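A short write-up of the structure that comes next.
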Amino acid sequence: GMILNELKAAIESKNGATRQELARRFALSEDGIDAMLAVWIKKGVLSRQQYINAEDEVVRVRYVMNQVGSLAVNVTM
């Protein structure tokens with residue numbers, strides 16, 4: 001890869017962006033960056049997109065990550 005990894009880490013640590021900002025920095029079509037990413041992450045699920053606002057305060061930001069760890073959690077207590 002080239003940007004898939006650069007963004008994967010940059011986002012995994014620092015803030016992130018959507019397919020728009022991604023294709024922008026890469027200077028390519030949003031369809032190409034999204035497709036290449038979807039396959040680079042899993043296979044073709046438009047990656048993992050999530051938002052944040054009420055959880056924080058007034059962030060209101062959305063981005064797609066590769067998600068290498070585990071987000072799905074079920075607190076059974």
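Note on naming: chains are A, B, ... as they come in the structure tokens, residues start from 1 per chain, ligands start from 1 in the order shown.
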Please build the interface table for range 11-44 of chain A against range 56-65 of chain A with a cut-off of 7 Å, listing for each qualifying residue the nearest atom pair and the distance in Å to one decimal; count only C-alpha atoms, order rows by chain and increasing number, and write it as JSON lines.
{"residue": "A:11", "atom": "CA", "partner": "A:65", "partner_atom": "CA", "distance": 6.8}
{"residue": "A:16", "atom": "CA", "partner": "A:63", "partner_atom": "CA", "distance": 5.3}
{"residue": "A:17", "atom": "CA", "partner": "A:63", "partner_atom": "CA", "distance": 4.1}
{"residue": "A:18", "atom": "CA", "partner": "A:63", "partner_atom": "CA", "distance": 4.2}
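Ranking A:31, A:6, A:12, A:21 by their shortest atom-to-atom distance to residue 44 in chain A, with only C-alpha atoms included, puts A:31 first.
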query: What gap, in Å, lies between CA of residue 35 in chain A and CA of residue 52 in chain A?
result: 24.0 Å
Long-range neighbours of residue 32 in chain A as a ChimeraX atom specification, 12 Å cut-off, only C-alpha atoms, 4 positions minimum in chain: /A:4,19-20,22-24,26-28,36-40,46
DSSP-assigned strand (DSSP E or B) members of range 42-76 of chain A, reported as a ChimeraX atom specification: /A:48-52,61-65
Residues of chain A in helix (DSSP H, G or I), written as a ChimeraX atom specification: /A:4-13,19-26,30-41
Go ahead and dump the residues you just picked, C-alpha atoms, as a tab-separated table (two decimals), in the first residue's frame.
chain	number	residue	atom	x	y	z
A	4	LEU	CA	-3.86	2.86	3.40
A	5	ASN	CA	-1.17	2.21	6.01
A	6	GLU	CA	-0.25	5.86	6.54
A	7	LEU	CA	-3.88	6.71	7.29
A	8	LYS	CA	-4.49	3.47	9.19
A	9	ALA	CA	-1.92	4.52	11.78
A	10	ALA	CA	-2.52	8.27	11.64
A	11	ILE	CA	-6.20	7.61	12.36
A	12	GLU	CA	-5.59	4.73	14.78
A	13	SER	CA	-3.77	7.26	16.96
A	19	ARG	CA	-13.70	8.88	2.29
A	20	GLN	CA	-13.85	12.52	1.18
A	21	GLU	CA	-10.77	13.81	3.00
A	22	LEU	CA	-9.04	10.50	2.26
A	23	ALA	CA	-9.43	10.73	-1.52
A	24	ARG	CA	-8.50	14.41	-1.28
A	25	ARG	CA	-5.08	13.91	0.30
A	26	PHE	CA	-4.48	10.96	-2.04
A	30	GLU	CA	-13.47	8.67	-3.62
A	31	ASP	CA	-14.68	5.43	-5.21
A	32	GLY	CA	-11.12	4.24	-5.79
A	33	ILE	CA	-9.83	5.04	-2.31
A	34	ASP	CA	-12.91	3.51	-0.70
A	35	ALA	CA	-12.74	0.32	-2.77
A	36	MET	CA	-9.00	-0.14	-2.27
A	37	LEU	CA	-9.46	0.53	1.45
A	38	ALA	CA	-12.45	-1.76	1.91
A	39	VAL	CA	-10.44	-4.61	0.40
A	40	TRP	CA	-7.26	-3.61	2.23
A	41	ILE	CA	-9.07	-3.70	5.57
- prompt: In Å, how far is it from CA of residue 67 in chain A to CA of residue 49 in chain A?
  reply: 9.8 Å
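Between CA of residue 45 in chain A and CA of residue 76 in chain A the separation is 28.0 Å.
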